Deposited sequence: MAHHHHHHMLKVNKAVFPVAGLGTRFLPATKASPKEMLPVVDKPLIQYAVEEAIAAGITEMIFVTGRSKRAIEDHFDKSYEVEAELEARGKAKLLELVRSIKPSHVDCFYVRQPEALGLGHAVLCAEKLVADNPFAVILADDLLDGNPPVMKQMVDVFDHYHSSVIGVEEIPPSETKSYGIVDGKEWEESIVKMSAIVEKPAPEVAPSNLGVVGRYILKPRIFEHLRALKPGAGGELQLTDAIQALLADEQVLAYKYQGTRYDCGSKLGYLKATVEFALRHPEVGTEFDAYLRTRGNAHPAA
């Protein structure tokens, strides 16, 4: 079928970014002027997805109040005649894009986050997007992945070439290269030591999963590992790794967040020129 839904886990404690994450999830942190989770939702929108499922934890209000309509904000901008800013605010949740909220349960982890969205996805393929992985691509990365899914009708795992010495930080895939950017997966291994990693292809926070994933998630013994469920799924049906075109900023790390701020600011139409001149002369 069609990928109409995207699941966004936004329940991260963000202990790496305390004190800023005291009362706001790490996915609400702004890059220049826009929360990480909004970049991620905009990427899903560009891929044709119109149902956004947020799996919240503590500080759910920061996420909810960002995407839900504010009567007051729109009235203030309309009163001041600030028509561009008014369209900017409305475009946070465009018409015919729906936002639904579900709560992460006591048990933590990406696998549990996907499982608590099961009844909202039902028997449909769905995207999973981790907003801490800020991706810059044209076309947007999830749009590339939906095109691959629309062709092969198989689950799609976004991957990138990583340094071989860093495999202990990644899920690592193995398989037969089909086309240049497509791998028919034969295995996925969580955080192997470099000397036994089967490839240099590391999993990033972008998935398109078919609904058979849920039976494998429910069967796994417990934190729950999405990697184990994907490994079990590929015994029953094809799963593809897709080497996307684009640039990733790892905003789960403080340094990656700072790199994203610098690079996105430089391409910002209102401040890029002056920020570049400041960087040259500091």
Parts of the chain sequence, as deposited, that carry no C-alpha coordinates in this structure:
1-9, 232-235, 296-302
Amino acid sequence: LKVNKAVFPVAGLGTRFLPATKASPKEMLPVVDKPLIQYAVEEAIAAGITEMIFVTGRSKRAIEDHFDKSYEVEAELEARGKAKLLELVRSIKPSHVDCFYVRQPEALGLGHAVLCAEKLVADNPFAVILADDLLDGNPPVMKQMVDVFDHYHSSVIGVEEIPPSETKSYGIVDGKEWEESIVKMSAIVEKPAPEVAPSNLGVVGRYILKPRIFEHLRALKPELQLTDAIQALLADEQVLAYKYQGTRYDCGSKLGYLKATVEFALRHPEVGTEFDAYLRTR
From here on, numbers count along this sequence of modelled residues.
Which has the higher mean CA temperature factor in the PDB entry, 21-29 or 8-16?
8-16
Taking the recorded C-alpha temperature factors, which stretch has the higher mean, 256-264 or 270-278?
270-278
Among the candidates 158, 192, 109, 125, give the one with the maximum CA B-factor reported in the record.
109
Of 246, 35, 57, 222, which one's C-alpha B factor is largest in the deposited record?
222
Chain third (lowest, middle, highest) by recorded CA B-factor, residue given as residue 218
highest
Using only modelled residues of the chain, where does the Cα B factor of residue 75 rank: lowest third, middle third or highest third?
highest
Chain-wide C-alpha B factor ranking for residue 170, given as lowest, middle or highest third:
middle
Mind checking which third residue 237 falls in for C-alpha B-factor across the chain?
highest
Consider only the C-alpha atoms of the modelled residues in this chain, order them by B-factor as the entry records it, and name the third containing residue 83: lowest, middle or highest.
highest
